[PDB]
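Engineer: using only what follows, build the 3D model:
(5 chains, ligands or ions: 16)
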Amino acid sequence: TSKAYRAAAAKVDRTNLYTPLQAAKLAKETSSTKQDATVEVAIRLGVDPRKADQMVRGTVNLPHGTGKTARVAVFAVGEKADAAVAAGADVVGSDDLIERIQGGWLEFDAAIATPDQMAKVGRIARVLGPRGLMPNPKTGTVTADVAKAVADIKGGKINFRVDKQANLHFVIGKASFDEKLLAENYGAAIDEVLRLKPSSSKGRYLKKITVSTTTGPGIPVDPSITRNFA
Amino acid sequence: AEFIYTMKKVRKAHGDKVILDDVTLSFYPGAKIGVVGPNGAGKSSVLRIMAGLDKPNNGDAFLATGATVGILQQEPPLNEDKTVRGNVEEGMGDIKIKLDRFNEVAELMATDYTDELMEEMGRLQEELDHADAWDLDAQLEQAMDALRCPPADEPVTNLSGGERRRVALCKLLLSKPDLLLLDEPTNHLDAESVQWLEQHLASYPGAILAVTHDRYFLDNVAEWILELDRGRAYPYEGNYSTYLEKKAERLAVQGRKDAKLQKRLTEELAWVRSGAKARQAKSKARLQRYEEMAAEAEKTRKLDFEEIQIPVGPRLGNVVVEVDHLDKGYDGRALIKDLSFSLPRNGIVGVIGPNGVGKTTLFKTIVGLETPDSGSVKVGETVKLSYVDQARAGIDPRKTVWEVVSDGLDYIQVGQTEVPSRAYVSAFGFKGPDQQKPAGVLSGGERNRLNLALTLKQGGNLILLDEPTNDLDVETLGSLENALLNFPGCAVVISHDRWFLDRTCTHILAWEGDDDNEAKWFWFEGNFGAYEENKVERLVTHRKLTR
Amino acid sequence: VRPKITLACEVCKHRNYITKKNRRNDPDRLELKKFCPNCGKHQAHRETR
RNA sequence: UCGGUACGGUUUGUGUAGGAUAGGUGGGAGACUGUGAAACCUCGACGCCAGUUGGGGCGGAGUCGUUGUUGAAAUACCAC
RNA sequence: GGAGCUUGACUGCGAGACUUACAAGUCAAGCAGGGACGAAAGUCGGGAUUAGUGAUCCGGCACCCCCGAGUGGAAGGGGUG
Ligand SMILES: Nc1ncnc2c1ncn2[C@@H]1O[C@H](COP(=O)(O)OP(=O)(O)NP(=O)(O)O)[C@@H](O)[C@H]1O
Ligand SMILES: Nc1ncnc2c1ncn2[C@@H]1O[C@H](COP(=O)(O)OP(=O)(O)NP(=O)(O)O)[C@@H](O)[C@H]1O
Ligand SMILES: [Mg+2]
Ligand SMILES: [Mg+2]
Ligand SMILES: [Mg+2]
Ligand SMILES: [Mg+2]
Ligand SMILES: [Mg+2]
Ligand SMILES: [Mg+2]
Ligand SMILES: [Mg+2]
Ligand SMILES: [Mg+2]
Ligand SMILES: [Mg+2]
Ligand SMILES: [Mg+2]
Ligand SMILES: [Mg+2]
Ligand SMILES: [Mg+2]
Ligand SMILES: [Mg+2]
Ligand SMILES: [Zn+2]
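Structural biologist: Residues are numbered from 1 along each chain as shown, chains lettered A, B, ... in the order given. Ligands and ions are numbered 1, 2, ... in the order given. Find the structure here:
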């Protein structure tokens, strides 16, 4: 897109390692206003994902939300099915949702089920498998407490999982937020990446890092800043 | 660039025949190495070190961390289950029992306690996203349509010779290891499957070692060429037309260096017998140099090559084989339909066809081990055949190579003549104390050579050879085709070596089946080069195997 | 032609015995049933490589 | 001048089905319009039977996607 | 001379002898563990017997975890094969 929008690509210097505070400033005045863009974080970790023990996988709890509709599907029966619809989930399925999903309907983001309900969802997980919509018991989605997990989807749980070529991908919030509020969701994630640092990782753990919107180019950020995101 | 395999000061020797002596080399990813050398050099013993099967005598031949290794042996094994179950034992080996555990916990965790089994269906589910095994069914349904495998629900006993190699190539090419070890991958395959394996091994992340004797598979898959001489390994780059130059040059300078060493002995042996004159003494320094030059003239005897010599049979008459409207089939599938030919006298008939079309069943109607469905075969009273199957008796893996040619006897009948058995196996290369090697430790170039010793002692005048150009190097492959031209009977040869049927053939029988018939053959009076010209007067996208 | 081979136990992998075979008559590994002093009972011993 | 490393720009990927040449992950309903939106023509690059784009109609009308379709996976565009 | 099953071609010891300048060389019933064969008694620490080989030093390897130069490790040494 060598276009007139590339005047927004002239402010960001490619050899200037900015701060997480000035990353959110350049995030606003790079994105246009006709789309309500989303600010992204791309981290190139120093892990070798060929070995299984160096697999950075985990979640986060963003303390300021993300600005997302957060469509929830819940596999539950009984009062568990009525607790999820009282929590604020629009689609609270049941055992009949076996038929509705495999017929070509996957209009939800994250699944929540009891371990009793998972007996009949995992056979349908052939199509929920590679899409990441499958229930994962480490992120609280397969448990008895199916009530607080619904609000935490609205609370801003983001599932980060490193790819095959050692890259992280992570959203921090919409471009209608403040500059001081993006860096509070940003600094709450690097704190949760370093917790899930593998113990057998050679070299510098957070090598190159960059922040961009849905349309704007990259903004180089400083890896040495791990404490002063305020 | 972090390596895949390294060797450090490795020396492996079977006593007097060394295979390695102080070798050191590294294999980095993206290498395309084709390893060559004559029979007895040690090519299949090097690849069994790199697979973790064998171990060297001394030295340290280890592997990089991670970096799983898959080997294709020169005679690949199979199980006794179906073809669809034959491919899941490698490539889907460890990952099917994770799939056979995740469906187990889909009903076991419901009727049991859901706190320890919660993570047991969790860390399985973390091993289904980076390996992408949710659609493991259709990953098998692609890898069979790439090699064009036989169908799923049949046993692996009544398969071809090339269908048993198509089903073994699908095992290793599903694993995708970081170090392939292909020991003769193009045996028993047709021209369609070798052309497939050229384009597949081009784009392949990982090291490829491939020992081949042919010259056209190697120039498409290999850019670096490793050699195995008497112990030593000589890596360089080229395209096998420069291998035969440099191999014939090492023997050129060695021939006129051992000859110069020989004339230094006769001038020195004349000194040590000259007799000491008056009180001056013969010097003990020069006696010691002669006794060390005589020893280095004995570790150089390398010339031992005998031509393959086919015994002549009795006089052959005018009717050799007559075939009148032959039909052969095992099921509703038909292989041969309305075939009429008559084998000539004093010629070579080449049989042409792709895999699984009925070339070996055609020989088993002539020898009578099968039975025609309709129509007859007629032999003729002067014809005495010579043929041994690859599967009904073959060889015995703990009888020695002397008592497989013989049966424990001293002199044998090769057809109305008496020759000694040890003078007969020594005419086929097996000389000295190598005549006590059992059949399990014989290599592929001396199992094909043993199989010619069993067929040709029957003294026939109609020899039937099913792929004699199998694991033979260019020195004895030219020696075999020399003896098929000095043969006064009829020889019928099934082969896939296109540049062996172009050289010694006089008549071509070829499968020309198409969609409406699929079982018609064709008799041609002439050589293979003129059959290709007559083929066009009568009258593709590479399948991916992965994603 | 008669090399010296060492026989190792197939349970605890101690090398308890050394002996000689013939390399042309027995190309494969020698399995005998010898007495391991570590285990305290006769167990299957096999050559090393 | 010829090599190495670091950083950056452009480019490259064809099953079997699916307008057809879908590299991997995340975002995503809008991306662009001082022109190749239409539009032909020529010429240079790659090749699996086509996508790469220096511009002549020039800046005026509409191309692409969000829908549906097929499949393990979707189409713009951007980020690594 | 032939056939069946097998690994005692053992581990821990060995009173007492032959030979002998020394160093070496040779035989040994019998006790215990754990086995082979035999219905048992029993026999088996390679071959009918005597040749088929090389002291010590210095090194290699597997095992035992014995010492560990301030202490915990490790290096290196040590034992048995
Ligand atoms: N006993 C049998 N029963 C059923 N089908 C058989 C039997 N023997 C062979 N076939 C099938 O018959 C077809 C041809 O057999 P065969 O003559 O061995 O082919 P082929 O020429 O040897 N193939 P190749 O030699 O590797 O190029 C294949 O589809 C085989 O699976
Ligand atoms: N266990 C063994 N004991 C004794 N000799 C062996 C043993 N294994 C292999 N050999 C010998 O060493 C040679 C090495 O075989 P090798 O050359 O590796 O097969 P090869 O090179 O693949 N023959 P070829 O495939 O025709 O090129 C054999 O031909 C035997 O003569
Ligand atoms: Mg071989
Ligand atoms: Mg055949
Ligand atoms: Mg024997
Ligand atoms: Mg002994
Ligand atoms: Mg004593
Ligand atoms: Mg006892
Ligand atoms: Mg008993
Ligand atoms: Mg005794
Ligand atoms: Mg004796
Ligand atoms: Mg000394
Ligand atoms: Mg200390
Ligand atoms: Mg030590
Ligand atoms: Mg002791
Ligand atoms: Zn033991």
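
Engineer: residues near the closest residue to residue B:398 other than its chain neighbours, how many?
Structural biologist: Among residues not flanking residue B:398 along the chain, residue B:438 sits closest, at 5.4 Å (C-beta to C-beta, 6 or more residues apart in numbering or on different chains). C-betas here are computed from N, CA, C, even on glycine. A count of nearby residues for residue B:438, using other C-beta atoms under 10 Å in any protein chain shown, gives 20.

Engineer: so residue B:438 bridges to which residues?
Structural biologist: With DSSP bridges as the criterion, residue B:438 is bridged to residue B:400.

Engineer: mind naming the longest helix for the chain?
Structural biologist: This is for chain A. Counting by DSSP state H, the longest helix found in chain A is helix A:179-195.

Engineer: if you could check chain B rather than the one you did, that'd help
Structural biologist: In chain B, with assignment by DSSP H, the single longest helix is helix B:243-272.

Engineer: which parts of it are buried?
Structural biologist: B:243, B:247 (16 or more other C-beta atoms under 10 Å in any protein chain shown).

Engineer: what's the longest helix of chain A in contact with?
Structural biologist: When contacts are defined by C-beta atoms under 8 Å, 6 or more residues apart in numbering or on different chains, helix A:179-195 is touched by residues A:20-21, A:23-25, A:27-28, A:39, A:41, A:43, A:45, A:56, A:58-64, A:66, A:156, A:158, A:160, A:168, A:170, A:172-173, A:205-206, A:211, A:226, A:229-230.

Engineer: apply 6 Å and report the result again.
Structural biologist: With C-beta atoms under 6 Å, 6 or more residues apart in numbering or on different chains as the test, helix A:179-195 has contacts from A:20-21, A:24-25, A:39, A:60, A:62-64, A:170, A:172-173, A:229.

Engineer: which residues touch residue B:222?
Structural biologist: Contacts of residue B:222 (C-beta under 6 Å, 6+ apart): B:32, B:34.

Engineer: how near is it to residue B:202?
Structural biologist: Per C-beta to C-beta, to the nearest Å, residue B:222 is found 11 Å from residue B:202.

Engineer: anything in contact with each of those two?
Structural biologist: Contacts common to residue B:222 and residue B:202, judged by C-beta under 6 Å, 6+ apart, are absent.

Engineer: return the residues in contact with the residue nearest to residue A:113 when sequence neighbours are not counted.
Structural biologist: Using C-beta to C-beta, 6+ apart and skipping the chain neighbours, the partner closest in space to residue A:113 is residue A:75 (3.7 Å). Remark: with contacts taken as C-beta under 6 Å, 6+ apart, residue A:75 is in contact with A:93, A:113, A:117, A:121.

Engineer: next, give phi and psi for residue A:75.
Structural biologist: phi -90, psi 100 (degrees, to the nearest 10).

Engineer: doesn't residue B:61 belong to a strand?
Structural biologist: Yes - secondary structure assignment places residue B:61 in a strand (DSSP: H, G, I helix; E, B strand; the rest coil).

Engineer: now it: how far from residue A:92?
Structural biologist: Taking C-beta to C-beta, one finds residue B:61 at 61 Å from residue A:92.

Engineer: tell me who's in contact with the closest residue to ligand 3 within chain B.
Structural biologist: Across chain B, the shortest distance to ligand 3 (C-beta to the ion) belongs to residue B:44, at 3.6 Å. Contact analysis of residue B:44 by C-beta under 6 Å, 6+ apart lists B:74, B:183.

Engineer: for it, give me phi and psi.
Structural biologist: Per degrees, to the nearest 10, the backbone of residue B:44 is at phi -80, psi -10.

Engineer: look up how far RNA strand D lies from it.
Structural biologist: 33 Å (C-beta to the nearest atom of the strand, to the nearest Å).

Engineer: what do you get for residue B:172?
Structural biologist: With C-beta to the nearest atom of the strand as the criterion, residue B:172 and RNA strand D are 19 Å apart.
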